[PDB]
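Data from final_11.csv: CSV, C-alpha atoms
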chain,number,residue,atom,x,y,z
A,1062,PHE,CA,-19.8,-11.7,-17.8
A,1063,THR,CA,-21.4,-8.2,-18.1
A,1064,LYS,CA,-25.0,-8.9,-17.1
A,1065,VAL,CA,-25.9,-7.1,-13.8
A,1066,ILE,CA,-26.4,-3.4,-14.3
A,1067,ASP,CA,-25.5,-0.6,-11.8
A,1068,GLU,CA,-23.5,-3.0,-9.6
A,1069,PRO,CA,-20.9,-0.7,-7.9
A,1070,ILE,CA,-17.3,-1.2,-8.8
A,1071,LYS,CA,-16.6,-1.9,-5.2
A,1072,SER,CA,-19.0,-4.8,-5.3
A,1073,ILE,CA,-17.7,-6.2,-8.6
A,1074,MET,CA,-14.0,-6.0,-7.6
A,1075,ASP,CA,-14.8,-7.4,-4.1
A,1076,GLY,CA,-16.7,-10.2,-5.8
A,1077,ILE,CA,-13.7,-11.1,-8.0
A,1078,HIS,CA,-11.2,-10.8,-5.2
A,1079,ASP,CA,-13.3,-12.9,-2.8
A,1080,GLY,CA,-13.8,-15.5,-5.5
A,1081,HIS,CA,-10.1,-15.7,-5.9
A,1082,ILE,CA,-9.6,-15.8,-2.1
A,1083,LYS,CA,-12.1,-18.6,-1.5
A,1084,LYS,CA,-10.8,-20.7,-4.4
A,1085,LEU,CA,-7.2,-20.3,-3.3
A,1086,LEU,CA,-8.2,-21.1,0.3
A,1087,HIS,CA,-9.9,-24.3,-0.8
A,1088,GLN,CA,-7.1,-25.4,-3.0
A,1089,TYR,CA,-3.8,-24.3,-1.4
A,1090,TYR,CA,-4.9,-23.6,2.3
A,1091,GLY,CA,-7.6,-26.2,2.9
A,1092,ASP,CA,-10.5,-23.8,3.7
A,1093,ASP,CA,-8.5,-22.6,6.7
A,1094,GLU,CA,-7.9,-18.8,7.0
A,1095,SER,CA,-5.7,-19.5,10.0
A,1096,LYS,CA,-3.2,-21.0,7.6
A,1097,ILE,CA,-2.9,-17.7,5.8
A,1098,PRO,CA,0.5,-16.1,6.7
A,1099,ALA,CA,0.0,-12.9,8.7
A,1100,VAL,CA,2.1,-9.7,8.3
A,1101,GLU,CA,1.8,-6.2,9.8
A,1102,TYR,CA,1.2,-4.5,6.4
A,1103,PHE,CA,1.1,-5.9,2.8
A,1104,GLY,CA,2.8,-3.9,0.2
A,1105,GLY,CA,6.0,-2.1,-0.9
A,1106,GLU,CA,7.8,-5.2,-1.8
A,1107,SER,CA,9.7,-4.7,-5.1
A,1108,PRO,CA,9.4,-7.6,-7.6
A,1109,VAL,CA,13.2,-7.8,-7.8
A,1122,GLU,CA,19.0,-9.7,16.7
A,1123,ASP,CA,17.4,-8.0,19.8
A,1124,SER,CA,20.4,-5.7,20.2
A,1125,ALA,CA,22.4,-4.7,17.1
A,1126,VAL,CA,25.1,-2.2,16.1
A,1127,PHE,CA,25.7,-1.1,12.5
A,1128,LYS,CA,28.5,1.2,11.3
A,1129,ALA,CA,28.4,3.0,8.0
A,1130,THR,CA,31.4,3.6,5.8
A,1131,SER,CA,32.1,5.1,2.3
A,1132,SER,CA,32.0,1.6,0.7
A,1133,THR,CA,28.8,0.2,2.1
A,1134,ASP,CA,25.9,-0.5,-0.2
A,1135,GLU,CA,22.9,1.6,0.6
A,1136,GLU,CA,20.4,-1.2,-0.1
A,1137,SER,CA,22.1,-3.6,2.3
A,1138,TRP,CA,22.5,-0.9,4.9
A,1139,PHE,CA,18.8,-0.1,4.8
A,1140,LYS,CA,17.8,-3.8,4.7
A,1141,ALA,CA,19.9,-4.4,7.8
A,1142,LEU,CA,18.3,-1.4,9.6
A,1143,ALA,CA,14.8,-2.5,8.6
A,1144,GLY,CA,15.2,-6.2,9.7
A,1145,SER,CA,13.3,-9.2,8.7
A,1146,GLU,CA,10.1,-8.9,10.6
A,1147,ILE,CA,7.4,-6.8,8.9
A,1148,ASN,CA,6.6,-3.8,11.1
A,1149,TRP,CA,6.9,0.0,11.4
A,1150,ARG,CA,10.7,-0.3,11.3
A,1151,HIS,CA,10.4,-2.2,8.0
A,1152,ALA,CA,8.2,0.5,6.6
A,1153,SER,CA,10.4,3.3,8.0
A,1154,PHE,CA,13.6,2.0,6.4
A,1155,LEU,CA,12.3,0.5,3.2
A,1156,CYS,CA,9.2,2.4,2.2
A,1157,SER,CA,10.3,4.7,-0.6
A,1158,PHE,CA,7.7,7.5,0.0
A,1159,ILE,CA,5.7,8.8,2.9
A,1160,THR,CA,2.2,10.3,2.7
A,1161,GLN,CA,1.8,14.0,3.3
A,1162,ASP,CA,-1.7,15.6,3.9
A,1163,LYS,CA,-2.6,14.1,0.5
A,1164,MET,CA,0.7,14.0,-1.3
A,1165,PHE,CA,3.7,11.6,-1.7
A,1166,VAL,CA,7.2,12.7,-0.8
A,1167,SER,CA,10.6,11.1,-0.4
A,1168,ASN,CA,10.9,9.1,2.8
A,1169,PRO,CA,12.7,11.4,5.4
A,1170,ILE,CA,13.8,8.4,7.4
A,1171,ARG,CA,15.9,6.9,4.6
A,1172,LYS,CA,17.4,10.3,3.6
A,1173,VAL,CA,18.3,11.0,7.2
A,1174,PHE,CA,19.7,7.5,7.8
A,1175,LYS,CA,21.6,7.5,4.5
A,1176,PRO,CA,24.9,5.7,5.2
A,1177,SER,CA,28.0,7.8,5.6
A,1178,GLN,CA,31.3,7.6,7.4
A,1179,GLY,CA,31.1,7.9,11.2
A,1180,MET,CA,27.4,7.0,11.3
A,1181,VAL,CA,26.6,4.4,14.0
A,1182,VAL,CA,23.1,2.9,14.4
A,1183,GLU,CA,22.2,1.0,17.6
A,1184,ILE,CA,18.9,-0.9,17.5
A,1185,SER,CA,17.6,-2.1,20.8
A,1186,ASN,CA,14.6,-4.4,21.3
A,1187,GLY,CA,14.6,-5.3,17.6
A,1188,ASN,CA,12.5,-8.4,18.3
A,1189,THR,CA,9.7,-6.4,20.0
A,1190,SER,CA,8.4,-3.9,17.5
A,1191,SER,CA,6.5,-1.9,20.1
A,1192,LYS,CA,9.7,-1.3,22.3
A,1193,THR,CA,12.2,-1.1,19.4
A,1194,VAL,CA,14.4,1.9,19.4
A,1195,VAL,CA,16.9,3.0,16.7
A,1196,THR,CA,19.5,5.5,18.0
A,1197,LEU,CA,21.8,7.0,15.3
A,1198,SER,CA,24.9,8.8,16.4
A,1199,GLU,CA,27.4,10.7,14.3
A,1200,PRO,CA,30.7,12.5,15.1
A,1201,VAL,CA,29.7,15.8,16.8
A,1202,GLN,CA,32.5,18.1,18.0
A,1203,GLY,CA,34.9,15.1,17.7
B,567,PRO,CA,-0.3,-17.3,-6.1
B,568,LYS,CA,-0.8,-17.2,-2.3
B,569,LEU,CA,-3.1,-15.7,0.3
B,570,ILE,CA,-1.8,-13.1,2.8
B,571,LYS,CA,-3.5,-11.2,5.6
B,572,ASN,CA,-2.4,-7.9,7.1
B,573,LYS,CA,-2.8,-6.8,10.7
B,574,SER,CA,-6.5,-6.0,10.1
B,575,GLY,CA,-7.0,-9.5,8.7
B,576,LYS,CA,-7.8,-8.3,5.2
B,577,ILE,CA,-7.0,-11.3,2.9
B,578,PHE,CA,-5.0,-10.2,-0.1
B,579,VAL,CA,-4.2,-12.4,-3.1
B,580,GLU,CA,-0.5,-12.4,-2.6
B,581,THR,CA,1.1,-12.0,-6.0
B,582,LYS,CA,4.1,-10.2,-7.5
B,583,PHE,CA,2.0,-7.2,-8.7
B,584,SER,CA,-0.1,-7.3,-5.5
B,585,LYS,CA,3.1,-7.4,-3.3
B,586,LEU,CA,4.5,-4.4,-5.1
B,587,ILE,CA,1.3,-2.3,-5.1
B,588,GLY,CA,0.0,-3.2,-1.6
B,589,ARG,CA,-3.4,-3.9,-3.1
B,590,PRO,CA,-5.3,-6.8,-4.8
B,591,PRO,CA,-3.8,-7.9,-8.2
B,592,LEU,CA,-6.9,-6.5,-10.0
B,593,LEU,CA,-6.8,-3.1,-11.8
B,594,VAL,CA,-9.1,-1.0,-13.9
B,595,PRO,CA,-7.2,-0.1,-17.1
B,596,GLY,CA,-7.3,3.4,-18.6
B,597,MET,CA,-10.5,3.5,-20.6
B,598,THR,CA,-11.5,6.5,-22.8
B,599,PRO,CA,-14.2,7.7,-21.8
B,600,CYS,CA,-14.9,5.3,-18.8
B,601,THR,CA,-11.9,6.0,-16.6
B,602,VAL,CA,-11.8,9.6,-17.9
B,603,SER,CA,-14.3,10.6,-15.3
B,604,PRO,CA,-12.5,11.6,-12.1
B,605,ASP,CA,-15.5,10.2,-10.1
B,606,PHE,CA,-15.0,6.7,-11.3
B,607,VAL,CA,-11.3,6.8,-10.7
B,608,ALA,CA,-11.8,8.1,-7.2
B,609,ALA,CA,-14.5,5.4,-6.6
B,610,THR,CA,-12.3,2.6,-7.7
B,611,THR,CA,-9.4,4.0,-5.6
B,612,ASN,CA,-11.7,4.2,-2.5
B,613,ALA,CA,-12.9,0.6,-3.2
B,614,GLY,CA,-9.2,-0.2,-3.0
B,615,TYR,CA,-8.3,-1.4,-6.6
B,616,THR,CA,-5.8,0.2,-8.9
B,617,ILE,CA,-7.2,2.4,-11.7
B,618,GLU,CA,-5.7,4.5,-14.5
B,619,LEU,CA,-7.1,8.0,-15.2
B,620,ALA,CA,-7.3,7.9,-19.0
B,621,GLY,CA,-5.9,10.9,-20.8
B,622,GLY,CA,-7.9,10.2,-24.0
B,623,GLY,CA,-10.6,12.5,-22.8
B,624,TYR,CA,-8.1,15.2,-22.0
B,625,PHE,CA,-6.4,17.6,-24.5
B,626,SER,CA,-4.6,20.0,-22.2
B,627,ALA,CA,-2.4,19.9,-19.1
B,628,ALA,CA,-5.0,22.2,-17.5
B,629,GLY,CA,-7.8,19.8,-18.0
B,630,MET,CA,-5.7,16.9,-16.8
B,631,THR,CA,-4.6,18.9,-13.8
B,632,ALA,CA,-8.2,19.7,-12.9
B,633,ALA,CA,-9.2,16.1,-13.2
B,634,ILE,CA,-6.3,14.9,-11.1
B,635,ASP,CA,-7.1,17.5,-8.5
B,636,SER,CA,-10.7,16.2,-8.5
B,637,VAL,CA,-9.4,12.6,-8.0
B,638,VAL,CA,-7.1,13.7,-5.2
B,639,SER,CA,-9.9,15.6,-3.4
B,640,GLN,CA,-12.3,12.7,-3.7
B,641,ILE,CA,-9.9,9.9,-2.6
B,642,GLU,CA,-8.9,9.3,1.0
B,643,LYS,CA,-5.6,10.1,2.6
B,644,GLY,CA,-2.7,8.0,1.3
B,645,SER,CA,-4.7,6.7,-1.6
B,646,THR,CA,-3.2,6.6,-5.1
B,647,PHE,CA,-3.9,6.0,-8.8
B,648,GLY,CA,-2.2,5.9,-12.1
B,649,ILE,CA,-2.4,7.7,-15.4
B,650,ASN,CA,-3.0,6.1,-18.8
B,651,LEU,CA,-1.6,7.8,-22.0
B,652,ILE,CA,-1.9,6.9,-25.7
B,653,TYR,CA,1.3,6.6,-27.6
B,654,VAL,CA,-0.1,6.9,-31.2
B,655,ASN,CA,-0.7,10.7,-30.7
B,656,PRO,CA,2.6,12.6,-30.0
B,657,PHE,CA,0.7,15.7,-28.9
B,658,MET,CA,-0.8,13.6,-26.0
B,659,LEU,CA,2.6,12.6,-24.8
B,660,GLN,CA,4.1,16.1,-25.3
B,661,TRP,CA,1.6,17.7,-23.0
B,662,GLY,CA,1.2,14.7,-20.6
B,663,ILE,CA,4.7,13.6,-19.8
B,664,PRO,CA,5.9,17.0,-18.6
B,665,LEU,CA,2.6,17.2,-16.6
B,666,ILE,CA,3.3,13.9,-15.0
B,667,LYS,CA,6.8,14.9,-14.1
B,668,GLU,CA,5.6,18.2,-12.7
B,669,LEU,CA,2.9,16.6,-10.6
B,670,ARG,CA,5.3,13.9,-9.3
B,671,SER,CA,7.7,16.7,-8.4
B,672,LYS,CA,4.8,18.4,-6.5
B,673,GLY,CA,4.3,15.0,-4.9
B,674,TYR,CA,1.0,14.0,-6.4
B,675,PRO,CA,-0.3,10.4,-5.7
B,676,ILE,CA,0.5,9.2,-9.3
B,677,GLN,CA,1.5,5.6,-8.6
B,678,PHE,CA,2.3,4.7,-12.2
B,679,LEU,CA,2.1,5.7,-15.9
B,680,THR,CA,0.6,3.2,-18.4
B,681,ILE,CA,1.4,3.5,-22.1
B,682,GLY,CA,-1.2,1.9,-24.4
B,683,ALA,CA,-1.5,1.6,-28.1
B,684,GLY,CA,2.2,1.2,-28.6
B,685,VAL,CA,5.4,0.5,-26.6
B,686,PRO,CA,7.9,3.4,-26.3
B,687,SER,CA,11.4,3.0,-27.7
B,688,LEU,CA,14.2,2.2,-25.2
B,689,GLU,CA,15.3,5.9,-24.9
B,690,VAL,CA,11.8,7.1,-24.4
B,691,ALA,CA,11.1,4.4,-21.8
B,692,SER,CA,14.3,5.2,-20.0
B,693,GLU,CA,13.4,8.9,-20.0
B,694,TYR,CA,10.0,8.1,-18.5
B,695,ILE,CA,11.4,5.8,-15.9
B,696,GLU,CA,14.2,8.2,-14.8
B,697,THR,CA,12.5,11.6,-15.0
B,698,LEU,CA,8.9,10.8,-14.0
B,699,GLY,CA,9.9,9.0,-10.8
B,700,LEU,CA,6.9,6.7,-10.6
B,701,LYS,CA,6.5,3.4,-8.7
B,702,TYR,CA,6.2,1.4,-11.9
B,703,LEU,CA,5.7,1.7,-15.6
B,704,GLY,CA,2.8,0.0,-17.3
B,705,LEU,CA,3.2,-1.0,-20.9
B,706,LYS,CA,0.5,-2.6,-23.1
B,707,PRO,CA,2.3,-4.6,-25.8
B,708,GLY,CA,0.3,-5.8,-28.7
Write the structure described by the file as structure tokens, please.
Amino acid sequence: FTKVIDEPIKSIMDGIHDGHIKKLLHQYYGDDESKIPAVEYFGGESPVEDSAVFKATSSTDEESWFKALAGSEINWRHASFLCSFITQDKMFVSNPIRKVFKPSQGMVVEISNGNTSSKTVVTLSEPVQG
Amino acid sequence: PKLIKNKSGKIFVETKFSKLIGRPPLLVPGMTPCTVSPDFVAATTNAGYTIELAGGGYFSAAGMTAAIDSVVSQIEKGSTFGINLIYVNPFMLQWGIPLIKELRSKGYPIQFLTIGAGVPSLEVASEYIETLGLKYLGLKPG
């Protein structure tokens, strides 16, 4: 399959990917791109309620806590609470959102407008001065 | 296998590997001397496909650091790439694994480490997985 010379790797890889896409579209989606499921962003998935209130305790599991905070719908909240790293100027560092929202006793997270990603707000309160 | 489109409408081949890496399930493996060039690694990353910077054309942490800095300078913001290391030469690992750990500690966009020409023992693989702090570990069993 190595015949064409000086074909840029962008072109070669896009050709392979587009071949896979068109064949999958013909076989499992009936030549219809509207049948393709749509998500906000595609990535970060490990191989392994409009108004909500969550309370952290010593015994809660961190993964379940973060999944609950993220929610089901793929959006900026999903990325904030499940993405492991955030991008610096050109570097990768631990997600400040997860480390700030790490569960602990007294932590109460109120999510409002969870259904609407644009208007969603996550207010975290902790015991301050009692 | 399935097709999935992001907000921009870019059709991805939805797969396990693709779902994890947020990119198409097509990668350029570490190739001495082909992927040794920082330019080719950066070009593949800009194209949007996973690529491994091969260490076989590098003999010191300084040379690898220079090449990785070249890759980082040439790629776009948020891009990423992996590093391929050969297991048959212990010197390679001895200078490369501490470098990968240091660069990851610095926050470099090293998505993964691939081990070719041999599979590490359980203890060595655990050491890599824990200390390096990569997204995933590539292994090329024979």
Please report, as a tab-separated table, each residue of chain A lying at most 6 Å from chain B, together with the nearest pair of atoms and the separation in Å rounded to one decimal; use all atoms listed in the file, and order rows by chain and ascending residue number.
residue	atom	partner	partner_atom	distance
A:1071	CA	B:613	CA	4.9
A:1097	CA	B:570	CA	5.6
A:1098	CA	B:570	CA	5.4
A:1099	CA	B:571	CA	5.0
A:1100	CA	B:572	CA	5.0
A:1101	CA	B:573	CA	4.7
A:1102	CA	B:572	CA	5.0
A:1103	CA	B:588	CA	5.3
A:1104	CA	B:588	CA	3.4
A:1105	CA	B:586	CA	5.0
A:1106	CA	B:586	CA	4.7
A:1107	CA	B:586	CA	5.2
A:1108	CA	B:582	CA	5.9
A:1160	CA	B:644	CA	5.6
A:1163	CA	B:643	CA	5.4
A:1164	CA	B:674	CA	5.1
A:1165	CA	B:673	CA	4.7
A:1166	CA	B:673	CA	5.5
Restricting to all atoms listed in the file, whichever of B:637, B:600, B:649, B:690 is closest to residue 704 in chain B is B:649
Just how far from CA of residue 1168 in chain A is CA of residue 1124 in chain A, in Å to one decimal? 24.7 Å
Kindly give the distance, in Å, that separates CA of residue 697 in chain B and CA of residue 1142 in chain A, rounded to a single decimal. 28.4 Å
Please report the interatomic distance between CA of residue 1074 in chain A and CA of residue 636 in chain B in Å with one decimal.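 Computing it gives 22.5 Å between the two atoms.
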Give me, as a PyMOL selection string, all polymer residues having an atom no more than 12 Å from residue 1129 in chain A, counting only C-alpha atoms and skipping those fewer than 4 positions away in the same chain. chain A and resi 1133-1135+1137-1139+1141-1142+1174-1183+1197-1199
Shell around residue 618 in chain B at 7 Å using all atoms listed in the file, local window under 3 positions removed, as number ranges by chain: B: 594-596, 601, 647-650
Residues at most 12 Å from residue 662 in chain B, counting all atoms listed in the file, excluding those fewer than 2 positions away in the same chain, as an MDAnalysis selection string? chainID B and resid 619:622 624:631 649:653 655:660 664:669 679:681 694 698
Just add N, CA and C atoms to range 1177-1193 of chain A and send it as a short mmCIF file (atom, residue, chain, number, x, y, z; two decimals), in the coordinates of the input.
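Now in result_6.cif:
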data_model
loop_
_atom_site.label_atom_id
_atom_site.label_comp_id
_atom_site.auth_asym_id
_atom_site.auth_seq_id
_atom_site.Cartn_x
_atom_site.Cartn_y
_atom_site.Cartn_z
N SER A 1177 26.87 6.95 5.77
CA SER A 1177 28.00 7.80 5.60
C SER A 1177 29.03 7.51 6.67
N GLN A 1178 30.28 7.89 6.44
CA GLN A 1178 31.30 7.60 7.40
C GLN A 1178 31.08 8.21 8.73
N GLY A 1179 31.28 7.44 9.80
CA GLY A 1179 31.10 7.90 11.20
C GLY A 1179 29.68 7.66 11.71
N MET A 1180 28.75 7.18 10.89
CA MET A 1180 27.40 7.00 11.30
C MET A 1180 27.28 5.60 12.00
N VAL A 1181 26.74 5.60 13.22
CA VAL A 1181 26.60 4.40 14.00
C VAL A 1181 25.14 4.28 14.47
N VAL A 1182 24.50 3.17 14.12
CA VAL A 1182 23.10 2.90 14.40
C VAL A 1182 23.00 1.77 15.40
N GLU A 1183 22.44 2.02 16.57
CA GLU A 1183 22.20 1.00 17.60
C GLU A 1183 20.71 0.73 17.66
N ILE A 1184 20.32 -0.51 17.39
CA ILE A 1184 18.90 -0.90 17.50
C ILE A 1184 18.78 -1.78 18.71
N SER A 1185 17.87 -1.38 19.58
CA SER A 1185 17.60 -2.10 20.80
C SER A 1185 16.15 -2.58 20.79
N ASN A 1186 15.94 -3.78 21.33
CA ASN A 1186 14.60 -4.40 21.30
C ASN A 1186 14.11 -4.59 19.89
N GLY A 1187 14.98 -5.06 19.00
CA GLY A 1187 14.60 -5.30 17.60
C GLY A 1187 13.48 -6.31 17.48
N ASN A 1188 13.52 -7.34 18.32
CA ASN A 1188 12.50 -8.40 18.30
C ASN A 1188 11.12 -7.84 18.57
N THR A 1189 11.02 -7.00 19.60
CA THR A 1189 9.70 -6.40 20.00
C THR A 1189 9.55 -5.11 19.26
N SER A 1190 8.59 -5.10 18.33
CA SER A 1190 8.40 -3.90 17.50
C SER A 1190 7.92 -2.73 18.35
N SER A 1191 7.06 -2.97 19.34
CA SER A 1191 6.50 -1.90 20.10
C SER A 1191 7.63 -1.15 20.90
N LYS A 1192 8.59 -1.90 21.46
CA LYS A 1192 9.70 -1.30 22.30
C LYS A 1192 10.93 -1.06 21.46
N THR A 1193 10.94 -1.32 20.16
CA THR A 1193 12.20 -1.10 19.40
C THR A 1193 12.56 0.32 19.33
#
